[PDB]
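Only one chain is shown below, in structure tokens, and it's the form deposited in one PDB entry.
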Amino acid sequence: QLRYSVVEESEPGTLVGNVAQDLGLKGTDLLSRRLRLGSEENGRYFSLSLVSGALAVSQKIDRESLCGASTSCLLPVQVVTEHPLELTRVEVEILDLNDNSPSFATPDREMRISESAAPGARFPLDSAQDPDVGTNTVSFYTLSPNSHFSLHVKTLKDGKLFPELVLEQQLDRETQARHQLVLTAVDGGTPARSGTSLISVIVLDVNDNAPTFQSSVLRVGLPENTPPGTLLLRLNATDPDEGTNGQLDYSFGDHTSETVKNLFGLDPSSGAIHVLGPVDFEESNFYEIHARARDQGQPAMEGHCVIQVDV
């Protein structure tokens, strides 16, 4: 017969409804007819005033803990009167308050994306939660302003939100090896409550840079009486890649003359060039040697250089 409503989390003593008034009871009738609550468990949440005859909240009620994700939260109690005895079914509806804030699984989420990632590659994000119902749950997401990733949220047939990152511009570890992005979930409350997640995109290295010498061609001079052991020059090639792909070992061309191979010595590590044999100006007065730096990776890459030695 009787249907009342009360807002969730309301403090004990909050009026739910005037039962006695609705049942046509007044004054002595409340004690003559022995107004009561049923022996059911739902009497733990409510109190029926001996004086007022009004139904009130007995303890702070959490509709999240009661109904969960139900559209409506009904709490049925039973009112008992005597002389004559007659029972009244009372349904109290617990209305949803926007007292829960959007939450993420982890404050910080790491995403390891390869540098070679093609534009348009989609990267699903962990969805946020908000145990409130209606618009009091997660309404929309926002992504902090950046230059490589785009936020995309689509609504499923379920109705739940599914956020994912979209790569707008191609990454480059040699520019920045880390992108920190902030993912914010916001509910549709007024005021709106929120939660964040710090997404640190770790750009994984790709061997897309070949070694490079300081100069394309470098010419040097050498006296005709240069003693063996003297270092002519030190090769300098730089690879901006990381780890193995950035380290290199020097080498001569695959078709360097045997004369230049015996006369000129090199170091596959330092790149320093020493002379071993004799060097007469009458035999030859010019040498072009094909220098070559090669990085340790798969697929490997190599840079090339030509050194002109004048004697």
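One rule holds for the numbers: they count along the sequence shown, beginning at 1. By rigid core we mean the largest C-alpha set that fits within 1.5 Å across both forms.
Look at the mean CA B-factor for 63 to 71 and for 24 to 32 in the entry; the higher one is 24 to 32. Relative to one another, 174 to 182 and 90 to 98 have unequal mean CA B-factors, and 174 to 182 is the one with the higher figure.
Within the listed group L37, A56, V260, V51, the record reports its top CA B-factor for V260.
Between the residues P223, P76, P131, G189, the entry's highest C-alpha temperature factor is the one at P223. In the PDB entry, a CA B factor belonging to the middle third of its chain's modelled residues is recorded for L161. Looking at the C-alpha B-factors along this chain, the one for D126 belongs to the highest third. Sort the modelled residues of the chain by CA B factor and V309 lands in the highest third. Residue-level temperature factors show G303 in the middle third of its chain, judged at the C-alpha atom.
Annotation for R234: C-alpha temperature factor in the highest third relative to the rest of the modelled chain, per the entry.
Keep in mind that the form deposited in another entry is not shown, yet the notes after this line are about it.
Lining up the core between the shown form and the other one shows that one residue from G134, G120, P107, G221 moves its Cα 2 Å or more, and that residue is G221.
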